[PDB]
Each structure stands twice: as C-alpha cells, then as structure tokens.
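Source file: upload_26.pdb; contents: PDB, C-alpha atoms and all ligand atoms.
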```pdb
ATOM      1  CA  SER O   1      -0.345 -18.532  20.800
ATOM      2  CA  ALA O   2       2.205 -15.827  21.548
ATOM      3  CA  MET O   3       3.044 -17.276  24.975
ATOM      4  CA  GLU O   4       4.221 -20.579  23.493
ATOM      5  CA  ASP O   5       6.303 -18.631  20.953
ATOM      6  CA  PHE O   6       7.926 -16.648  23.763
ATOM      7  CA  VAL O   7       8.656 -19.826  25.734
ATOM      8  CA  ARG O   8      10.343 -21.484  22.771
ATOM      9  CA  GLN O   9      12.325 -18.341  21.898
ATOM     10  CA  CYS O  10      13.636 -17.277  25.332
ATOM     11  CA  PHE O  11      14.223 -20.626  27.054
ATOM     12  CA  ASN O  12      16.934 -23.141  26.271
ATOM     13  CA  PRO O  13      15.768 -26.187  24.231
ATOM     14  CA  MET O  14      16.666 -28.549  27.099
ATOM     15  CA  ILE O  15      14.507 -26.599  29.562
ATOM     16  CA  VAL O  16      11.621 -26.423  27.073
ATOM     17  CA  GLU O  17      11.770 -30.177  26.446
ATOM     18  CA  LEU O  18      11.853 -30.881  30.194
ATOM     19  CA  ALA O  19       8.810 -28.656  30.772
ATOM     20  CA  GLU O  20       6.912 -30.254  27.892
ATOM     21  CA  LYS O  21       7.550 -33.804  29.110
ATOM     22  CA  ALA O  22       6.622 -32.818  32.677
ATOM     23  CA  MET O  23       3.295 -31.506  31.386
ATOM     24  CA  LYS O  24       2.583 -34.280  28.854
ATOM     25  CA  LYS O  25       3.103 -36.897  31.580
ATOM     26  CA  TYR O  26      -0.011 -35.700  33.435
ATOM     27  CA  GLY O  27      -2.121 -35.035  30.351
ATOM     28  CA  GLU O  28      -1.537 -31.274  30.036
ATOM     29  CA  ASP O  29      -0.820 -29.613  26.687
ATOM     30  CA  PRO O  30       1.648 -26.691  26.637
ATOM     31  CA  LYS O  31      -0.359 -25.240  23.753
ATOM     32  CA  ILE O  32      -3.333 -24.634  26.090
ATOM     33  CA  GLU O  33      -1.721 -24.237  29.529
ATOM     34  CA  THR O  34       0.708 -21.695  28.136
ATOM     35  CA  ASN O  35       1.156 -19.732  31.361
ATOM     36  CA  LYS O  36       1.837 -22.979  33.226
ATOM     37  CA  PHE O  37       4.325 -23.817  30.449
ATOM     38  CA  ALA O  38       6.161 -20.534  31.042
ATOM     39  CA  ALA O  39       6.047 -21.017  34.826
ATOM     40  CA  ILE O  40       7.528 -24.536  34.703
ATOM     41  CA  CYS O  41      10.270 -23.344  32.344
ATOM     42  CA  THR O  42      11.064 -20.384  34.609
ATOM     43  CA  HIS O  43      11.213 -22.560  37.730
ATOM     44  CA  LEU O  44      13.449 -25.131  36.031
ATOM     45  CA  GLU O  45      15.814 -22.420  34.817
ATOM     46  CA  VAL O  46      16.000 -20.885  38.296
ATOM     47  CA  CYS O  47      16.852 -24.274  39.808
ATOM     48  CA  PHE O  48      19.611 -24.825  37.255
ATOM     49  CA  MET O  49      21.138 -21.385  37.817
ATOM     50  CA  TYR O  50      20.946 -21.918  41.582
ATOM     51  CA  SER O  51      22.816 -25.220  41.277
ATOM     52  CA  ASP O  52      25.434 -23.707  38.967
ATOM     53  CA  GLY O  53      25.875 -20.953  41.574
ATOM     54  CA  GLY O  54      28.083 -23.451  43.409
ATOM     55  CA  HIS O  55      29.882 -28.895  43.124
ATOM     56  CA  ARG O  56      27.775 -27.657  46.049
ATOM     57  CA  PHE O  57      24.220 -28.375  44.850
ATOM     58  CA  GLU O  58      22.439 -31.525  43.716
ATOM     59  CA  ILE O  59      19.565 -30.842  41.322
ATOM     60  CA  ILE O  60      16.469 -32.814  42.263
ATOM     61  CA  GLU O  61      14.106 -30.828  40.021
ATOM     62  CA  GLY O  62      13.851 -31.834  36.367
ATOM     63  CA  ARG O  63      14.604 -35.507  36.969
ATOM     64  CA  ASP O  64      12.015 -38.221  36.474
ATOM     65  CA  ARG O  65      10.582 -39.286  39.814
ATOM     66  CA  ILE O  66      12.551 -42.533  39.899
ATOM     67  CA  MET O  67      15.913 -40.851  39.395
ATOM     68  CA  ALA O  68      15.014 -37.944  41.699
ATOM     69  CA  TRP O  69      13.913 -40.180  44.579
ATOM     70  CA  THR O  70      17.036 -42.288  44.004
ATOM     71  CA  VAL O  71      19.154 -39.149  44.447
ATOM     72  CA  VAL O  72      17.205 -38.050  47.529
ATOM     73  CA  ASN O  73      17.561 -41.499  49.111
ATOM     74  CA  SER O  74      21.286 -41.744  48.386
ATOM     75  CA  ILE O  75      21.733 -38.354  50.051
ATOM     76  CA  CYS O  76      19.708 -39.488  53.071
ATOM     77  CA  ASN O  77      21.732 -42.684  53.491
ATOM     78  CA  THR O  78      25.127 -41.004  53.157
ATOM     79  CA  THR O  79      24.273 -37.923  55.276
ATOM     80  CA  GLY O  80      21.514 -38.971  57.685
ATOM     81  CA  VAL O  81      19.298 -36.006  56.773
ATOM     82  CA  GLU O  82      15.632 -36.883  57.201
ATOM     83  CA  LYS O  83      13.736 -37.900  54.075
ATOM     84  CA  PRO O  84      11.427 -35.155  52.735
ATOM     85  CA  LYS O  85       7.787 -36.070  52.148
ATOM     86  CA  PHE O  86       7.688 -33.999  48.942
ATOM     87  CA  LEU O  87      10.358 -34.010  46.255
ATOM     88  CA  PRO O  88      12.479 -30.897  46.936
ATOM     89  CA  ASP O  89      14.359 -28.878  44.324
ATOM     90  CA  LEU O  90      18.029 -28.980  45.372
ATOM     91  CA  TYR O  91      20.382 -30.343  48.016
ATOM     92  CA  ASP O  92      23.060 -28.133  49.628
ATOM     93  CA  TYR O  93      26.132 -30.220  50.500
ATOM     94  CA  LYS O  94      27.778 -27.320  52.318
ATOM     95  CA  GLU O  95      24.778 -26.563  54.540
ATOM     96  CA  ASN O  96      23.680 -30.230  54.367
ATOM     97  CA  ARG O  97      20.009 -29.514  53.792
ATOM     98  CA  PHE O  98      17.346 -29.795  51.142
ATOM     99  CA  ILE O  99      16.189 -26.578  49.454
ATOM    100  CA  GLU O 100      12.726 -25.858  48.079
ATOM    101  CA  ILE O 101      12.800 -23.095  45.428
ATOM    102  CA  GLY O 102       9.740 -20.949  44.767
ATOM    103  CA  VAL O 103       9.123 -18.400  42.013
ATOM    104  CA  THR O 104       6.016 -16.276  42.557
ATOM    105  CA  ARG O 105       4.161 -13.603  40.622
ATOM    106  CA  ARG O 106       2.603 -12.471  43.928
ATOM    107  CA  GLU O 107       4.058 -11.285  47.221
ATOM    108  CA  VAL O 108       7.095 -13.227  48.410
ATOM    109  CA  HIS O 109       5.677 -13.667  51.911
ATOM    110  CA  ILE O 110       2.320 -15.017  50.644
ATOM    111  CA  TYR O 111       4.068 -17.694  48.589
ATOM    112  CA  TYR O 112       6.556 -18.400  51.392
ATOM    113  CA  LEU O 113       3.780 -18.988  53.929
ATOM    114  CA  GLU O 114       2.054 -21.207  51.341
ATOM    115  CA  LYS O 115       5.164 -23.330  50.716
ATOM    116  CA  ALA O 116       6.028 -23.615  54.412
ATOM    117  CA  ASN O 117       2.487 -24.742  55.177
ATOM    118  CA  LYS O 118       2.868 -27.265  52.344
ATOM    119  CA  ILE O 119       6.159 -28.971  53.244
ATOM    120  CA  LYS O 120       5.730 -28.815  57.062
ATOM    121  CA  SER O 121       9.369 -29.826  57.682
ATOM    122  CA  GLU O 122      11.597 -27.235  59.359
ATOM    123  CA  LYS O 123      14.552 -29.127  57.833
ATOM    124  CA  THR O 124      13.828 -28.228  54.196
ATOM    125  CA  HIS O 125      15.059 -24.716  53.415
ATOM    126  CA  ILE O 126      12.662 -22.369  51.584
ATOM    127  CA  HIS O 127      13.915 -19.780  49.089
ATOM    128  CA  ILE O 128      11.323 -17.686  47.248
ATOM    129  CA  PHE O 129      12.158 -15.375  44.346
ATOM    130  CA  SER O 130       9.829 -12.772  42.874
ATOM    131  CA  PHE O 131       9.846 -11.152  39.446
ATOM    132  CA  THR O 132      10.381  -7.793  41.196
ATOM    133  CA  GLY O 133      13.841  -8.499  42.604
ATOM    134  CA  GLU O 134      12.395  -9.472  45.989
ATOM    135  CA  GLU O 135      13.327 -12.672  47.815
ATOM    136  CA  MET O 136      12.443 -14.458  51.056
ATOM    137  CA  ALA O 137      14.262 -17.365  52.691
ATOM    138  CA  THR O 138      14.127 -19.468  55.846
ATOM    139  CA  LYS O 139      15.826 -17.725  58.797
ATOM    140  CA  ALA O 140      16.779 -15.016  56.242
ATOM    141  CA  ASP O 141      19.655 -17.306  55.238
ATOM    142  CA  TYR O 142      19.867 -16.854  51.470
ATOM    143  CA  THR O 143      22.427 -19.674  50.947
ATOM    144  CA  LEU O 144      23.939 -18.037  47.863
ATOM    145  CA  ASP O 145      26.184 -15.005  47.383
ATOM    146  CA  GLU O 146      24.887 -11.606  46.299
ATOM    147  CA  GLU O 147      26.197 -12.034  42.741
ATOM    148  CA  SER O 148      24.452 -15.364  42.099
ATOM    149  CA  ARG O 149      21.170 -14.118  43.553
ATOM    150  CA  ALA O 150      21.461 -10.928  41.482
ATOM    151  CA  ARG O 151      21.961 -13.127  38.410
ATOM    152  CA  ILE O 152      18.758 -15.031  39.194
ATOM    153  CA  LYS O 153      16.759 -11.884  39.952
ATOM    154  CA  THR O 154      17.914 -10.161  36.745
ATOM    155  CA  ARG O 155      16.860 -13.199  34.707
ATOM    156  CA  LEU O 156      13.424 -13.208  36.362
ATOM    157  CA  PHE O 157      12.899  -9.493  35.781
ATOM    158  CA  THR O 158      13.975  -9.992  32.159
ATOM    159  CA  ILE O 159      11.436 -12.777  31.650
ATOM    160  CA  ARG O 160       8.781 -10.498  33.113
ATOM    161  CA  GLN O 161       9.740  -7.599  30.831
ATOM    162  CA  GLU O 162       9.937  -9.743  27.690
ATOM    163  CA  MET O 163       6.469 -11.006  28.587
ATOM    164  CA  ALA O 164       5.347  -7.381  29.026
ATOM    165  CA  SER O 165       6.794  -6.267  25.672
ATOM    166  CA  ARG O 166       4.617  -8.995  24.110
ATOM    167  CA  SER O 167       1.597  -7.920  26.214
ATOM    168  CA  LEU O 168       1.702 -11.299  28.001
ATOM    169  CA  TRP O 169       2.696 -10.267  31.537
ATOM    170  CA  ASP O 170      -0.844  -9.365  32.617
ATOM    171  CA  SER O 171      -2.049 -12.866  31.747
ATOM    172  CA  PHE O 172       0.949 -14.436  33.471
ATOM    173  CA  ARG O 173       0.768 -12.624  36.821
ATOM    174  CA  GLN O 174      -2.966 -13.284  37.247
ATOM    175  CA  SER O 175      -2.419 -17.007  36.603
ATOM    176  CA  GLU O 176      -0.703 -18.197  39.806
TER     177      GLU O 176
HETATM  178 MN    MN B   1       9.734 -28.961  42.699
HETATM  179 MN    MN B   2       9.718 -25.571  43.620
END
```
Please express what this file holds, its structure, as structure tokens.
Amino acid sequence: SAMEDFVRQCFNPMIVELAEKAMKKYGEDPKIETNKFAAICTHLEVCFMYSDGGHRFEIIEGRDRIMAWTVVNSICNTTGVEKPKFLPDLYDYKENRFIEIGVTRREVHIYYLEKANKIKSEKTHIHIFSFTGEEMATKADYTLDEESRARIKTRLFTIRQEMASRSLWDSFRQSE
C-alpha cells in the first residue's frame, strides 16, 4: 500500500515504531488500517512537537499505560491536580493542568465538542488542530506561542499535501 510507504518515509522511525506497537497491542495491523496508522503517527508527532515547544511539558502520550499512569499519578501527588479518568496527552507545569491534544480532518469545533463530551472534566485543557491551519482550545487559551503553533500547523498542512500528492488525502479525510 502507498499509505504505509508514505508513513514510513515521512515519519521518524521512533514515531513509526511507537504507532506500530500501539496498534499491534490491540490486534490491529498497520498494513490494513493504513489511515489509522497515519493518524496515530501524526498525533504522536504533534504531541512531541508540542512538548518540545517548551522543560514545561510532560509527555503522557506514547508511553505504555503503566509508565503513563505512573507519570500522571506522580504529577497528581506532587501538585494536587485531580486525576483524569482518561489518559491525557501532556501536562503543563506552567499552567499546572493536563492537556488533551486533538488532530482532526473535520471541523475543529465538531472534534472539540466530541472531545469535551468525552473527557467531561473542565480541568483537562483541550487543544484541537486541523490540517487547514485552524485550531480550537479551551477558553481560547492556546497555551503555546504563535511560532510553536505555526510550526505544528505547517507540519500538519505538509502531511496533508504529501498525502494529496500521492492521491491519499481523499481516503484519509473520509476516514475519521
Ligand atoms: Mn491520547
Ligand atoms: Mn489525543
């Protein structure tokens, strides 16, 4: 498949290996769920760029569940922040809050409403990125500076356009 080829060419080997183990754990093959493969890789990469945009951020995403819940619990015991019911993506030590990162092929406000209805904790901050340079965040507080968010949005647009040059974007956007 071309989608798997694109994933292995454009994403860093570490991100690809993380996405593959995350899928293989639940019985999913990246050679069939190729759009899900690309989506996991893209989300992981966004989380890592977000965390490097500051150290200000703790990466929860990408860790095995044991190590991730260990990190979340250590944060909760040293800070007193309430424990999330779902594993979030990052922790902001400056704002002292968990962040849930979303990357959507659809409208930012659709996905934002979906995520907010999912987590149901006003504590966890929501930040949604689109592939069109659009973004939506809790209380319109975008946490990061304009340069870091422009970095993320450029990378997302580039993934979309490299998918389009391979005639893969149409499959990808109708797959969420
Ligand atoms: Mn996550
Ligand atoms: Mn997420």
Selection near region 146-154 of chain O, 6 Å with all atoms listed in the file, sequence-local residues under 2 positions removed, as an mmCIF file with C-alpha atoms, in the frame of the given file:
```
data_model
loop_
_atom_site.group_PDB
_atom_site.id
_atom_site.type_symbol
_atom_site.label_atom_id
_atom_site.label_comp_id
_atom_site.auth_asym_id
_atom_site.auth_seq_id
_atom_site.Cartn_x
_atom_site.Cartn_y
_atom_site.Cartn_z
ATOM 1 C CA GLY O 53 25.875 -20.953 41.574
ATOM 2 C CA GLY O 133 13.841 -8.499 42.604
ATOM 3 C CA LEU O 156 13.424 -13.208 36.362
ATOM 4 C CA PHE O 157 12.899 -9.493 35.781
#
```
Can you tell me, as a PyMOL selection string, which residues sit within 12 Å of (24.3, -31.1, 46.7) in the file's frame, using only C-alpha atoms? chain O and resi 50-60+71-72+74-76+78-79+88-99
Counting all atoms listed in the file, give me one row per residue of chain O with an atom at most 8 Å from an atom of ligand MN 2 (chain B), showing the shortest contact pair and its distance in Å to one decimal, sorted by chain then residue number, as a Markdown table.
```
| residue | atom | partner | partner_atom | distance |
| --- | --- | --- | --- | --- |
| O:43 | CA | B:MN2 | MN | 6.8 |
| O:61 | CA | B:MN2 | MN | 7.7 |
| O:88 | CA | B:MN2 | MN | 6.9 |
| O:89 | CA | B:MN2 | MN | 5.7 |
| O:100 | CA | B:MN2 | MN | 5.4 |
| O:101 | CA | B:MN2 | MN | 4.3 |
| O:102 | CA | B:MN2 | MN | 4.8 |
| O:103 | CA | B:MN2 | MN | 7.4 |
```
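Note that the spacing between CA of residue 140 (chain O) and CA of residue 169 (chain O) amounts to 28.8 Å.
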Counting only C-alpha atoms and all ligand atoms, closest pick from O:15, O:23, O:47, O:67 relative to ligand MN 1 (chain B) is O:47
Report as a PyMOL selection string the residues that result from applying the PyMOL selection byres (((chain O and resi 38) around 10) and not hetatm) to the structure here.
chain O and resi 3-4+6-8+10-11+16+19+30+33-37+39-44+159+163+172
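Minimum distance to ligand MN 1 (chain B) across O:83, O:115, O:25, O:105 (counting all atoms listed in the file) occurs at O:115.
Closest approach to residue 139 (chain O) from the set O:170, O:107, O:122, O:45 is made by O:122, with distances taken over only C-alpha atoms.
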Please write as a ChimeraX atom specification the list of polymer residues whose atoms come within 7 Å of (8.1, -13.1, 41.1), counting only C-alpha atoms and keeping to the coordinates of the file. /O:103-106,129-132
